[PDB]
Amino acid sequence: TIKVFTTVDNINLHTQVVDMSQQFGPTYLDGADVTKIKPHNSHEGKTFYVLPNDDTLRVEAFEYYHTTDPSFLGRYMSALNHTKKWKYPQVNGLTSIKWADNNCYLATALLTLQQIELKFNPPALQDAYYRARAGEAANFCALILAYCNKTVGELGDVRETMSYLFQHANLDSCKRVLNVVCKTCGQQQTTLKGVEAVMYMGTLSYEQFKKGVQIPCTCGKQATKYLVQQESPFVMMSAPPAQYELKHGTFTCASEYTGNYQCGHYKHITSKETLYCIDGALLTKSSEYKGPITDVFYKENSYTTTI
């Protein structure tokens, strides 16, 4: 006989004596598949992830991961088997990722996540972000890939990754109020709540968003849309990549993207004592920056416009 632990969370462990001769469901050990394995007595006392196969386990996995998808732990453990072999360099006080399996977009998001103020809802994300800040970001990246339905090696979007993670963050109290003025359609005001309130695609400049941007109305003409009010701990401004000048102290972080929609390399720029650009494990300093930026992140508390 062998006495081992089964879990879905790795926080609530079920004592479950296993016989020497699967027999508990598809199971894993430290990220590795143990479906084929008969218990070695090297496993006495070890904990094994078991894909939920009961009501008690299934409600445990939901209170931790906030999802009922049975495929979640399978894609998580499969990503975790790769992410736990990644290197997480300490760059400029932040936890990064050394390049591997086209993880450039995942590293840029991870550096951004450590610089804006988010409160995650699922315990799995709360636990792993603090593990990531402690220097071991393997659980966090594996969960991010699982939540965005992506596999290791696959290419992704920084903006689209943040969008997925914002769905699992308590941004319910964040509010945005917009006014669009078309000259032949009038003046109309819109209120956005939740994730839609902190995300915009169309311009990188938070100042021009405040002063009003030109957008197509349904009349076909150019209409002016401007920010009336913003209640948020941050705002993410995005636009298709194009040359852009980042000025020190006027933003939090930024995503630089060289390439096109089919293939490109992400980089991360952050504003500290000067401009730091973090590639993977590489760091370059600069007082001025100008390059192809596609995301800029700003700090915010509460804003009301003058127009």
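One-based numbering along the sequence shown. Think of the rigid core as the biggest set of C-alphas that the two forms share within 1.5 Å after superposition.
Colleague: Core fit done; bigger CA RMS in 4 other deposited structures of this protein for 184-192 or for 77-85?
Modeller: Most displaced of the pair in 4 other deposited structures of this protein: 184-192.
Colleague: Which stretch is more displaced from the shown form in 4 other deposited structures of this protein, 27-35 or 244-252, with RMS over structures and residues of Cα positions after a rigid core fit?
Modeller: Looking at 27-35 versus 244-252 in 4 other deposited structures of this protein, the farther one turns out to be 27-35.
Colleague: Look at the stretch from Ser21 to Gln22 and count the residues of the deposited sequence that the entry does not model, then pick none, 1 to 3, 4 to 9, or 10 or more.
Modeller: Gap between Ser21 and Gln22: 4 to 9 unmodelled residues.
Colleague: When the C-alpha temperature factors are averaged for each of 70-78 and 128-136, which stretch ends up with the higher value in the entry?
Modeller: Stretch with the greater average CA B-factor: 70-78.
Colleague: Could you settle it for me: does 11-19 or 279-287 have the higher average Cα B factor in the PDB entry?
Modeller: Comparing averages over the C-alpha atoms only gives 11-19.
Colleague: Taking the values straight from the PDB record, which of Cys174, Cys104, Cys141, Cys217 has the highest C-alpha temperature factor?
Modeller: Highest C-alpha B-factor among the listed options: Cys217.
Colleague: From the list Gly249, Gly45, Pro241, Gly264, select the residue with the highest C-alpha B factor recorded in the entry.
Modeller: Highest CA B-factor of the listed options: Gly45.
Colleague: Split the chain's modelled residues into thirds by Cα B-factor; is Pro122 in the lowest, middle or highest one?
Modeller: Ranked within chain, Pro122 CA B lands in the middle tercile.
Colleague: When the modelled residues of the chain are sorted by Cα temperature factor, does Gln115 land in the lowest, middle or highest third?
Modeller: For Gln115, whose C-alpha B-factor we compare with every modelled residue in the chain, the answer is the lowest third.
Colleague: Please place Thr108 in the lowest, middle or highest third of its chain according to the CA B-factor in the PDB entry.
Modeller: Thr108: CA B-factor falls in the lowest third of its chain.
Colleague: Can you tell me whether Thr27 has a C-alpha B-factor in the lowest, middle or highest third compared with the other modelled residues of the same chain?
Modeller: Ranked within chain, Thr27 CA B lands in the highest tercile.
Colleague: Relative to the other modelled residues in the chain, which third contains the C-alpha temperature factor of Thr56: lowest, middle or highest?
Modeller: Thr56: CA B-factor falls in the highest third of its chain.
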